[PDB]
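Source file upload-v7.cif; content: mmCIF, C-alpha atoms; chains and numbers go by the auth columns.
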data_start
loop_
_atom_site.group_PDB
_atom_site.id
_atom_site.type_symbol
_atom_site.label_atom_id
_atom_site.label_comp_id
_atom_site.label_asym_id
_atom_site.label_seq_id
_atom_site.Cartn_x
_atom_site.Cartn_y
_atom_site.Cartn_z
_atom_site.B_iso_or_equiv
_atom_site.auth_seq_id
_atom_site.auth_asym_id
ATOM 1 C CA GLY A 1 98.754 106.021 113.204 0.00 109 A
ATOM 2 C CA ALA A 2 97.203 106.322 109.752 0.00 110 A
ATOM 3 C CA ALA A 3 99.790 108.957 108.583 0.00 111 A
ATOM 4 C CA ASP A 4 102.876 106.958 109.675 0.00 112 A
ATOM 5 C CA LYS A 5 103.423 105.687 106.145 0.00 113 A
ATOM 6 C CA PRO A 6 105.530 104.586 104.477 0.00 114 A
ATOM 7 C CA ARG A 7 107.230 102.406 107.109 0.00 115 A
ATOM 8 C CA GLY A 8 109.423 99.316 106.924 0.00 116 A
ATOM 9 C CA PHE A 9 109.543 97.631 103.562 0.00 117 A
ATOM 10 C CA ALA A 10 107.171 100.260 102.150 0.00 118 A
ATOM 11 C CA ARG A 11 110.059 102.773 102.255 0.00 119 A
ATOM 12 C CA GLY A 12 111.427 100.943 99.217 0.00 120 A
ATOM 13 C CA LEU A 13 114.924 100.563 100.649 0.00 121 A
ATOM 14 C CA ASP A 14 117.344 97.758 100.240 0.00 122 A
ATOM 15 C CA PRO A 15 117.697 95.632 103.422 0.00 123 A
ATOM 16 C CA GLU A 16 121.257 95.704 104.731 0.00 124 A
ATOM 17 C CA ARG A 17 121.185 93.758 107.994 0.00 125 A
ATOM 18 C CA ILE A 18 118.828 92.756 110.825 0.00 126 A
ATOM 19 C CA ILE A 19 120.141 94.249 114.001 0.00 127 A
ATOM 20 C CA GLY A 20 117.571 93.164 116.618 0.00 128 A
ATOM 21 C CA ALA A 21 114.348 91.257 117.244 0.00 129 A
ATOM 22 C CA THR A 22 111.220 91.466 119.341 0.00 130 A
ATOM 23 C CA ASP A 23 108.187 89.294 120.120 0.00 131 A
ATOM 24 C CA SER A 24 106.248 91.749 122.349 0.00 132 A
ATOM 25 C CA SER A 25 103.123 91.780 120.084 0.00 133 A
ATOM 26 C CA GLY A 26 102.843 87.936 119.571 0.00 134 A
ATOM 27 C CA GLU A 27 104.336 87.926 116.071 0.00 135 A
ATOM 28 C CA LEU A 28 108.106 87.935 115.604 0.00 136 A
ATOM 29 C CA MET A 29 109.577 91.163 114.293 0.00 137 A
ATOM 30 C CA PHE A 30 113.025 92.215 113.155 0.00 138 A
ATOM 31 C CA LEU A 31 114.698 95.564 113.562 0.00 139 A
ATOM 32 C CA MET A 32 115.934 96.133 109.991 0.00 140 A
ATOM 33 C CA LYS A 33 118.877 98.339 109.019 0.00 141 A
ATOM 34 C CA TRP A 34 118.414 99.592 105.437 0.00 142 A
ATOM 35 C CA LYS A 35 121.334 100.321 103.085 0.00 143 A
ATOM 36 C CA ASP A 36 122.281 104.077 103.227 0.00 144 A
ATOM 37 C CA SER A 37 119.691 105.022 105.986 0.00 145 A
ATOM 38 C CA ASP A 38 120.347 105.832 109.629 0.00 146 A
ATOM 39 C CA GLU A 39 116.814 104.909 110.799 0.00 147 A
ATOM 40 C CA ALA A 40 116.146 101.222 111.424 0.00 148 A
ATOM 41 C CA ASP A 41 112.502 99.983 111.314 0.00 149 A
ATOM 42 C CA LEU A 42 110.464 97.138 112.693 0.00 150 A
ATOM 43 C CA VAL A 43 109.303 94.631 110.065 0.00 151 A
ATOM 44 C CA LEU A 44 107.391 91.383 110.459 0.00 152 A
ATOM 45 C CA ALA A 45 109.593 88.377 110.332 0.00 153 A
ATOM 46 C CA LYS A 46 107.037 86.705 108.017 0.00 154 A
ATOM 47 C CA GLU A 47 107.498 89.597 105.563 0.00 155 A
ATOM 48 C CA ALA A 48 111.319 89.497 105.769 0.00 156 A
ATOM 49 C CA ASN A 49 111.306 85.744 105.162 0.00 157 A
ATOM 50 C CA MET A 50 109.498 86.490 101.850 0.00 158 A
ATOM 51 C CA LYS A 51 111.345 89.697 100.842 0.00 159 A
ATOM 52 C CA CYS A 52 114.910 89.116 102.021 0.00 160 A
ATOM 53 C CA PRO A 53 115.471 85.584 103.141 0.00 161 A
ATOM 54 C CA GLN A 54 119.229 85.782 102.876 0.00 162 A
ATOM 55 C CA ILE A 55 119.262 88.738 105.256 0.00 163 A
ATOM 56 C CA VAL A 56 117.152 86.706 107.677 0.00 164 A
ATOM 57 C CA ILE A 57 119.531 83.772 107.338 0.00 165 A
ATOM 58 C CA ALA A 58 122.581 85.946 107.907 0.00 166 A
ATOM 59 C CA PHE A 59 121.042 87.290 111.137 0.00 167 A
ATOM 60 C CA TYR A 60 120.331 83.812 112.464 0.00 168 A
ATOM 61 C CA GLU A 61 123.704 82.509 111.386 0.00 169 A
ATOM 62 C CA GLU A 62 125.458 85.227 113.335 0.00 170 A
ATOM 63 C CA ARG A 63 123.472 84.312 116.470 0.00 171 A
ATOM 64 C CA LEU A 64 123.721 80.549 116.233 0.00 172 A
ATOM 65 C CA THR A 65 125.313 79.378 119.486 0.00 173 A
ATOM 66 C CA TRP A 66 126.376 75.868 120.502 0.00 174 A
ATOM 67 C CA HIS A 67 125.690 74.584 123.994 0.00 175 A
ATOM 68 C CA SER A 68 127.282 72.156 126.314 0.00 176 A
ATOM 69 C CA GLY B 1 136.014 57.747 92.960 0.00 109 B
ATOM 70 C CA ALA B 2 134.585 58.482 89.542 0.00 110 B
ATOM 71 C CA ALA B 3 131.294 56.780 90.383 0.00 111 B
ATOM 72 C CA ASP B 4 130.745 58.013 93.972 0.00 112 B
ATOM 73 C CA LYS B 5 127.090 58.153 94.973 0.00 113 B
ATOM 74 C CA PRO B 6 125.418 61.559 94.478 0.00 114 B
ATOM 75 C CA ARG B 7 125.124 63.297 97.847 0.00 115 B
ATOM 76 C CA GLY B 8 122.872 65.973 99.151 0.00 116 B
ATOM 77 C CA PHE B 9 121.332 68.197 96.524 0.00 117 B
ATOM 78 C CA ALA B 10 123.033 66.305 93.743 0.00 118 B
ATOM 79 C CA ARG B 11 120.581 63.436 94.464 0.00 119 B
ATOM 80 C CA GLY B 12 117.787 65.551 92.868 0.00 120 B
ATOM 81 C CA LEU B 13 115.351 65.172 95.789 0.00 121 B
ATOM 82 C CA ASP B 14 113.178 67.793 97.293 0.00 122 B
ATOM 83 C CA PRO B 15 114.364 68.998 100.685 0.00 123 B
ATOM 84 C CA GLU B 16 111.853 68.339 103.529 0.00 124 B
ATOM 85 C CA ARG B 17 113.377 69.564 106.796 0.00 125 B
ATOM 86 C CA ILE B 18 116.682 70.113 108.491 0.00 126 B
ATOM 87 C CA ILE B 19 117.098 67.642 111.337 0.00 127 B
ATOM 88 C CA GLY B 20 120.266 69.174 112.868 0.00 128 B
ATOM 89 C CA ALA B 21 123.400 71.318 112.306 0.00 129 B
ATOM 90 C CA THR B 22 127.126 71.097 112.911 0.00 130 B
ATOM 91 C CA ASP B 23 130.337 73.079 112.100 0.00 131 B
ATOM 92 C CA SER B 24 132.838 70.287 112.847 0.00 132 B
ATOM 93 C CA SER B 25 134.764 70.691 109.568 0.00 133 B
ATOM 94 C CA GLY B 26 135.040 74.450 109.857 0.00 134 B
ATOM 95 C CA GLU B 27 132.105 74.734 107.466 0.00 135 B
ATOM 96 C CA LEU B 28 128.543 74.905 108.766 0.00 136 B
ATOM 97 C CA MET B 29 126.501 71.841 107.551 0.00 137 B
ATOM 98 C CA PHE B 30 122.924 70.623 107.971 0.00 138 B
ATOM 99 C CA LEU B 31 121.564 67.086 108.271 0.00 139 B
ATOM 100 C CA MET B 32 118.849 67.256 105.626 0.00 140 B
ATOM 101 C CA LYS B 33 115.786 65.074 105.426 0.00 141 B
ATOM 102 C CA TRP B 34 114.500 64.714 101.865 0.00 142 B
ATOM 103 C CA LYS B 35 110.903 64.146 100.748 0.00 143 B
ATOM 104 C CA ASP B 36 109.974 60.434 100.645 0.00 144 B
ATOM 105 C CA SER B 37 113.462 59.390 101.615 0.00 145 B
ATOM 106 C CA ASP B 38 114.472 57.659 104.841 0.00 146 B
ATOM 107 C CA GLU B 39 118.103 58.501 104.013 0.00 147 B
ATOM 108 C CA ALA B 40 119.103 61.886 105.433 0.00 148 B
ATOM 109 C CA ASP B 41 122.441 63.414 104.564 0.00 149 B
ATOM 110 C CA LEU B 42 124.797 66.360 105.205 0.00 150 B
ATOM 111 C CA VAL B 43 124.703 69.432 103.015 0.00 151 B
ATOM 112 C CA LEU B 44 126.650 72.679 103.213 0.00 152 B
ATOM 113 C CA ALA B 45 124.679 75.511 104.799 0.00 153 B
ATOM 114 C CA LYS B 46 125.728 77.919 102.042 0.00 154 B
ATOM 115 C CA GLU B 47 124.116 75.509 99.507 0.00 155 B
ATOM 116 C CA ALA B 48 120.938 75.049 101.553 0.00 156 B
ATOM 117 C CA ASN B 49 120.767 78.779 102.096 0.00 157 B
ATOM 118 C CA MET B 50 120.443 79.325 98.340 0.00 158 B
ATOM 119 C CA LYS B 51 118.438 76.245 97.241 0.00 159 B
ATOM 120 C CA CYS B 52 115.908 76.102 100.042 0.00 160 B
ATOM 121 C CA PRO B 53 116.046 79.283 102.007 0.00 161 B
ATOM 122 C CA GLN B 54 112.639 78.711 103.647 0.00 162 B
ATOM 123 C CA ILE B 55 113.744 75.350 104.971 0.00 163 B
ATOM 124 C CA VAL B 56 116.866 76.932 106.554 0.00 164 B
ATOM 125 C CA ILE B 57 114.704 79.698 108.038 0.00 165 B
ATOM 126 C CA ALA B 58 112.228 77.168 109.454 0.00 166 B
ATOM 127 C CA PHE B 59 115.121 75.362 111.142 0.00 167 B
ATOM 128 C CA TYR B 60 116.355 78.539 112.842 0.00 168 B
ATOM 129 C CA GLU B 61 112.833 79.672 113.771 0.00 169 B
ATOM 130 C CA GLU B 62 112.312 76.337 115.610 0.00 170 B
ATOM 131 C CA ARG B 63 115.406 77.132 117.721 0.00 171 B
ATOM 132 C CA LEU B 64 114.979 80.749 118.769 0.00 172 B
ATOM 133 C CA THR B 65 115.962 81.361 122.356 0.00 173 B
ATOM 134 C CA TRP B 66 115.514 84.609 124.178 0.00 174 B
ATOM 135 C CA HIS B 67 118.500 85.284 126.477 0.00 175 B
ATOM 136 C CA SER B 68 117.032 88.576 127.665 0.00 176 B
ATOM 137 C CA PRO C 1 128.445 60.079 110.964 0.00 38 C
ATOM 138 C CA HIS C 2 125.096 61.756 111.492 0.00 39 C
ATOM 139 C CA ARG C 3 125.711 63.264 114.909 0.00 40 C
ATOM 140 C CA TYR C 4 124.635 66.898 115.267 0.00 41 C
ATOM 141 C CA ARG C 5 125.054 69.396 118.023 0.00 42 C
ATOM 142 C CA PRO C 6 122.821 71.441 120.433 0.00 43 C
ATOM 143 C CA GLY C 7 122.516 74.834 118.935 0.00 44 C
ATOM 144 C CA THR C 8 120.154 77.767 119.282 0.00 45 C
ATOM 145 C CA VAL C 9 119.663 81.197 117.828 0.00 46 C
ATOM 146 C CA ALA C 10 120.478 83.485 120.759 0.00 47 C
ATOM 147 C CA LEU C 11 118.229 86.559 120.645 0.00 48 C
ATOM 148 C CA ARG C 12 117.742 89.440 123.054 0.00 49 C
ATOM 149 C CA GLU C 13 114.261 90.926 123.380 0.00 50 C
ATOM 150 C CA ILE C 14 114.331 94.667 122.609 0.00 51 C
ATOM 151 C CA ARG C 15 111.364 95.409 124.829 0.00 52 C
#
What is this structure when it is put down as structure tokens?
Amino acid sequence: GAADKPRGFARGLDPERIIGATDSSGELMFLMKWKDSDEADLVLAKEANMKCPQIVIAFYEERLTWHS
Amino acid sequence: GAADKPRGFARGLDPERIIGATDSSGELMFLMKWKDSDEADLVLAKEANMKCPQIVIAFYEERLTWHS
Amino acid sequence: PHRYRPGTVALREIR
């Protein structure tokens, strides 16, 4: 709602690790764990790609799976 | 040899798109297509991660699978 | 020399 600010990247925190993902709205989002904070937030993947690409990469790298 | 052909990023070309990935050697590598080249070649993921993070992200985004 | 493998990013929908 209008007063639920700041949220996500607007909290000014340093991204630590992506811990989850969702597509329920049509746009990909990441559940972001921030350094030194217990509360993880949803952030747009498009925003994370811009703001913390290495964090995005690390998330994908950890979930890369080979198939046979 | 002293005069081995430059490979990968050392060739000074602009990356275009990652074609595929493999961790055969124990290091994760990408088959990189370069702009205006028909001559793809293997680069380390850690190197691609730093030099063209948006290309690495685009690769992983193309290959998201939802297990649940 | 330019073989590559079948690999995906295995995600789990939160919802």
task: Apply the PyMOL selection byres ((chain C) within 8 of (chain B)) to the structure shown and report the selected residues as a ChimeraX atom specification.
output: /C:39,41-42,44-50
query: Taking only C-alpha atoms into account, which residues of chain A are within 8 Å of chain B, as an NGL selection string?
result: :A and (157 or 161-162 or 164-165 or 168)
File of the preceding selection, C-alpha atoms, as a short mmCIF file (atom, residue, chain, number, x, y, z; two decimals), in the coordinates of the input:
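Here's the written file out-v9.cif:
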data_model
loop_
_atom_site.label_atom_id
_atom_site.label_comp_id
_atom_site.auth_asym_id
_atom_site.auth_seq_id
_atom_site.Cartn_x
_atom_site.Cartn_y
_atom_site.Cartn_z
CA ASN A 157 111.31 85.74 105.16
CA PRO A 161 115.47 85.58 103.14
CA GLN A 162 119.23 85.78 102.88
CA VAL A 164 117.15 86.71 107.68
CA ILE A 165 119.53 83.77 107.34
CA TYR A 168 120.33 83.81 112.46
#
I'd like the superposed copy of chain A - fitted to chain B by least squares over all paired Cα atoms - as a short mmCIF file (atom, residue, chain, number, x, y, z; two decimals) with C-alpha atoms, keeping the file's coordinate frame.
data_model
loop_
_atom_site.label_atom_id
_atom_site.label_comp_id
_atom_site.auth_asym_id
_atom_site.auth_seq_id
_atom_site.Cartn_x
_atom_site.Cartn_y
_atom_site.Cartn_z
CA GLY A 109 135.09 58.82 97.38
CA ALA A 110 134.72 59.42 93.66
CA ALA A 111 131.83 56.87 93.31
CA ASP A 112 129.74 58.27 96.20
CA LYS A 113 127.55 60.22 93.80
CA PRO A 114 124.92 61.45 93.69
CA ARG A 115 124.80 62.83 97.25
CA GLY A 116 122.88 65.66 98.89
CA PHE A 117 121.15 68.02 96.52
CA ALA A 118 122.44 66.00 93.56
CA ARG A 119 119.93 63.25 94.46
CA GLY A 120 117.28 65.56 93.00
CA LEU A 121 114.96 65.28 96.00
CA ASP A 122 112.73 67.86 97.50
CA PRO A 123 114.05 69.20 100.85
CA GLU A 124 111.61 68.50 103.67
CA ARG A 125 113.34 69.69 106.83
CA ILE A 126 116.82 70.28 108.30
CA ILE A 127 117.22 68.01 111.26
CA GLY A 128 120.77 68.75 112.46
CA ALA A 129 123.93 70.77 111.87
CA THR A 130 127.68 70.42 112.06
CA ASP A 131 130.75 72.65 111.75
CA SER A 132 133.48 69.97 112.10
CA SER A 133 135.06 70.74 108.66
CA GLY A 134 135.15 74.61 109.00
CA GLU A 135 132.11 75.23 106.79
CA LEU A 136 128.61 74.96 108.23
CA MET A 137 126.60 71.97 107.08
CA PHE A 138 123.02 70.86 107.56
CA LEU A 139 121.69 67.36 107.93
CA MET A 140 118.83 67.46 105.39
CA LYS A 141 115.74 65.24 105.49
CA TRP A 142 114.33 64.85 101.96
CA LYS A 143 110.62 64.36 101.23
CA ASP A 144 109.77 60.59 100.92
CA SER A 145 113.37 59.33 101.76
CA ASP A 146 114.59 57.69 104.95
CA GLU A 147 118.25 58.67 104.43
CA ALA A 148 119.23 62.18 105.50
CA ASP A 149 122.37 63.76 103.92
CA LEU A 150 124.89 66.42 104.76
CA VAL A 151 124.66 69.54 102.58
CA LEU A 152 126.59 72.80 102.74
CA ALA A 153 124.69 75.53 104.42
CA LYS A 154 125.80 77.90 101.62
CA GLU A 155 124.11 75.58 99.10
CA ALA A 156 120.90 75.27 101.16
CA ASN A 157 120.70 79.04 101.53
CA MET A 158 120.61 79.21 97.69
CA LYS A 159 118.43 76.14 96.99
CA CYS A 160 115.93 76.10 99.85
CA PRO A 161 116.09 79.23 101.90
CA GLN A 162 112.69 78.74 103.46
CA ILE A 163 113.77 75.35 104.78
CA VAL A 164 116.86 77.00 106.27
CA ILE A 165 114.69 79.69 107.84
CA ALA A 166 112.28 77.16 109.29
CA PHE A 167 115.18 75.30 110.93
CA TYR A 168 116.54 78.46 112.53
CA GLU A 169 113.11 79.64 113.57
CA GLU A 170 112.49 76.40 115.42
CA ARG A 171 115.79 76.81 117.31
CA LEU A 172 115.55 80.49 118.12
CA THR A 173 115.81 80.77 121.90
CA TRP A 174 115.48 83.85 124.11
CA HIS A 175 117.84 84.41 127.01
CA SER A 176 117.67 86.11 130.31
#
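Of note, CA of residue 114 (chain B) and CA of residue 145 (chain B) are spaced 14.1 Å apart.
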statement: From CA of residue 134 (chain A) to CA of residue 125 (chain B) the spacing works out at 24.7 Å
task: Kindly give the distance, in Å, that separates CA of residue 38 (chain C) and CA of residue 142 (chain B), rounded to a single decimal.
output: 17.3 Å
Return as lines of an AutoDock Vina configuration file the box centre and box size in Å, one decimal, for an axis-aligned box around all listed atoms of region 115-128 of chain B padded by 4 Å per side.
center_x = 118.5
center_y = 66.7
center_z = 102.9
size_x = 21.3
size_y = 14.8
size_z = 28.0
